[PDB]
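For reference, the chains in residue letters:
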Amino acid sequence: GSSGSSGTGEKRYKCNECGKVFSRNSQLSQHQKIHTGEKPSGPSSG
Ligand SMILES: [Zn+2]
């Protein structure tokens, strides 16, 4: 037992991108997309 007697309930989904945590996955998945970074074209004419 590794100081984990009780807990099974609120899976602390950690962001593999930054490394943060969220109470619910529905709040993390929507964040894991923030790293995508969709910046416009600069030096190129897009
Ligand atoms: Zn993140």
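Look up: the structure comes first, before these words.
Let me sum up the structure you'll find in this document. (Residues numbered from 1 in each chain as written, not as in the entry; some residues may be left out. Heavy atoms only, no water.)

Some words on the overall build of the chain
Looking only at helices and strands, the chain features one helix and two strands. For the chain, the N- to C-terminal ordering of α and β elements is β-β-α. The principal-axis extent of the C-alpha atoms belonging to the chain is close to 60 × 20 × 10 Å. Expressed as a percentage of its 46 residues, the buried residues of the chain come to 9%. When the accessible surface of the chain is summed, it comes to about 4,300 Å², and 44% of that surface belongs to carbon and sulfur atoms. (Helix = DSSP H or I, 4+ residues; strand = E, 2+ residues; numbered from the N terminus. Buried < 20%, exposed > 50% of the residue type's maximum accessible area, 1.4 Å probe, protein only. Areas by Shrake-Rupley, 256 points an atom, 1.4 Å probe, with all protein chains shown as cover.)

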